[PDB]
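I have placed the structure first, in the form of structure tokens, so that the comments after it can refer back to it.
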Amino acid sequence: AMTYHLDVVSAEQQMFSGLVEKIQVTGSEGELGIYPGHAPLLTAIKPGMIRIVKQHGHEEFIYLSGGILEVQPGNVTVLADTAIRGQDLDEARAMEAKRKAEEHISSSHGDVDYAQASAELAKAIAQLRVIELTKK
Amino acid sequence: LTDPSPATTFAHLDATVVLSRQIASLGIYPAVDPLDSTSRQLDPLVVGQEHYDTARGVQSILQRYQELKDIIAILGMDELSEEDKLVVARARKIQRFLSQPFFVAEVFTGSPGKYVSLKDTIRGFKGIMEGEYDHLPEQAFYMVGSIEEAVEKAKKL
Amino acid sequence: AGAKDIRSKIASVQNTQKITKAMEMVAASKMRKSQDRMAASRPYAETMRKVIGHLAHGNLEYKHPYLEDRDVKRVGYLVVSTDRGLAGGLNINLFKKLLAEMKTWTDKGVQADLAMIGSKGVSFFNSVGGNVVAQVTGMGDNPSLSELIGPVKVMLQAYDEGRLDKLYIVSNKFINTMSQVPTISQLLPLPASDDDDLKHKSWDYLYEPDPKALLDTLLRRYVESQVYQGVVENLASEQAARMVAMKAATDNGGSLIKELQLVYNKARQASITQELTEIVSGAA
Amino acid sequence: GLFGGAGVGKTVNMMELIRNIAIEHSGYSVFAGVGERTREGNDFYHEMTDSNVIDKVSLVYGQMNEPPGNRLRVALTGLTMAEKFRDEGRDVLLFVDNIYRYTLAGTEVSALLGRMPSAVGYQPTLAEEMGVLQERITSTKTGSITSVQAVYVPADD
Amino acid sequence: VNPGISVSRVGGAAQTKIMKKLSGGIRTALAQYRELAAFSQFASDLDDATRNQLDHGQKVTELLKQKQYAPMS
Amino acid sequence: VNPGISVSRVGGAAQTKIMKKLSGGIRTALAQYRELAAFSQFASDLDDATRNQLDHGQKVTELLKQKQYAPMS
């Protein structure tokens, strides 16, 4: 069952898109489904698989992490926190950034090519005394 | 330099001086190989420490700018270590700094010049050592007058 | 000398150039992948402004605790810091303009707090010293919102605290393929986008709870996107900029190589010479 | 002057010249190889049959099987020979072989001469020889002598 | 043997229309495996044309390898 | 003078059980400081273990000093 204008999207990734004329999904606070003709409103929903009838009677249960999905007049769209925001949580991160800031800490890129490159630069420049012989 | 003629030079040499066709080529009017030339008589004890010392220091700088000169030429300056970069400033500045006018010199270049006073120089040693004038103009320093004079330039220039 | 020092130099040059090309090519590939990849940022944010504002027509009238943010006390700025090598002048420009702003703040004399992201500007600031709450580093090619989170939440503790009125956020926008302009950002300001609330929101708006949750929360979420993206622009831009440097740096040396060619020329001349003088000499 | 080389099929260029001389003009010239891999030569003779145009021009060839006195000598020959046709008031141009072969032959002569070679062991007068050579070519009032030459390119020094 | 550094003006005039015929790509491609192989050192994650071509190249070279004191047909 | 620029086959027979004893690190520091040079080029590539070495080598470096004219105790 495809609706008119619908998409499941994050800027990072659009989960689904196009119309879905039926969507079974559990609203955070209440029962949720999709069917045309309801009025525009906004909500968020708890995480879980959302079984939605889509075009040509495609239907699938789509795991939600939960997040705010809403429908404008004539339009349907799905937003969700990729992960529900943790309480406390990033508090621990503030701790780690106060420790880290206070007590030095590092995190490294992985390009072997960068490593090899460094070798190339030291090594390359290395053993260069040649400038003396050079004249100008 | 291998010139055995030049050998008997240094060999028999008593006093001597040297000149840099790069420094010349640098368009520097004075154009002597400073890094090169040396005074057997120079003694620090004779010179006190301040002379020996300071001179030593500049020598160090020269060593350094010579030293990285490669690294730049290779890499350009993009990677310049802060401190190094700073020194380099002091460097072009210091080279640029040595130059001053000469009274009789107005012939070649219409510009005159003047006799110089050692103590004033000694001052230069410090302020430069200080890099005392932080805003000091590089172009100003060349073929220039005293820190007071170069300060007058500095006013305009 | 004797191609010992001459050729020795030469091999130096050859290996040099090889390294150079490898540098250039690989660098390029990375950059291209970066441009291609970075494109995806707009979607949810765009939603957030359109949506957000449309609501704001008469609804924004209700309250603006968030829009108030913090009163003029401390100012602030976002900061990112580099995980990539030899990228280019960059934090020259950035750290530079930053210094300028800091000057204005002292001129303002207004209080302020620093927060950095990454190692390099951590080396600016850290090196530069300053007043910085905290920094976050090493997320590398894969930036992660979750990685962003802890940093972001610590950030929230400000408007939360309402401790510091305005806070900047800096990254160098893309001047596209030719370039990336540097960019610095207002922040702990309001977004102040008046287009989307221009018309009274037509869509029936039913809010089970009060929107304030969406204000603090949603607001946070959306603002985050701008972060992620400008981060990205900084990123692909990084890849390209370094890529460009590769060519030129590479090219320079060849001249020197030609000079050296002259050196083995003067030298070829020379061996020819001492050899010759010695050849007469052996004739004796 | 000639730059080009193996794989150029320069003979293609030459044949072009053949159609070019007759086709362009009555004037007809010949060149001669010296100090050279024979196979090329005979193949070029066959190539003359294929060319079929060989009639207009002909030459003895050195092929480097030979003693120098001959070799170095050869030049004066062609000098006189075309000197028939430019002497004929006809006018023409001939190709020319590896000079370094030629001048170098100069040195081998000079060692032979027992004379002190020029520097880098050239023929102490080798320039003089060049005087002979380059000096030779002229477009007379009544004749024209052009030519092209490929000399052994020595390391591109 | 110097891999293509060595050179012969003569060529394959005497070569068997099969042996003659079939022999080309080794010169050129083999050149490109040495030559091309360069990136690998620094480079990484290359596309497949590189992958297969390169494999055929390197391993092919292995095939080239020949035992001392050994005859051929 | 440079470590290893100058060498003597006679070696440490003259060196005294104390003098002989205590004298080892020179070469490595030599090496080290010398070797230290290697990464100096690649600016800022190294951690504190390195820094402790290198520092120690700067330190030894300093430790070398002599007057233009001095007696030795």
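Shown for chain D, in order and in Swiss-Prot numbering: 147-303.
Per the header of the entry, the method used was electron microscopy, 6.9 Å.
In case you wondered, yes, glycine gets a Cβ from its N, Cα and C as well.
Look at Swiss-Prot and you will find D:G150, D:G151, D:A152, D:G153, D:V154, D:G155, D:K156, D:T157 tagged as ATP binding site.
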- Query: Taking the centroid of the Cβ atoms of D:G150, D:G151, D:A152, D:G153, D:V154, D:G155, D:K156, D:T157 as the ATP site, which other residues of that chain lie with their Cβ within 8 Å of it, listed in sequence order?
  - Reply: D:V158, D:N159
- Query: What count of other C-beta atoms do you get within 10 angstroms of the C-beta of D:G153 (ATP binding site), across all chains shown?
  - Reply: 7
- Cβ within less than 8 Å of chain E, restricted to binding-site residues D:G151, D:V154, D:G155, D:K156, yields none
- Note on the structure: Counting every protein chain shown, other Cβ atoms within 10 Å of the Cβ of D:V154 (ATP binding site) number 12
- Are there residues of the same chain, six or more positions away from D:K156 (ATP binding site), whose CB falls under 8 angstroms from its CB, and which are they? D:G150, D:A296
- Neighbouring CB atoms within 10 angstroms of the CB of D:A152 (ATP binding site), all protein chains considered, total 8
- Task: Enter the number of other CB atoms within 10 angstroms of the CB of D:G150 (ATP binding site).
- Result: 10
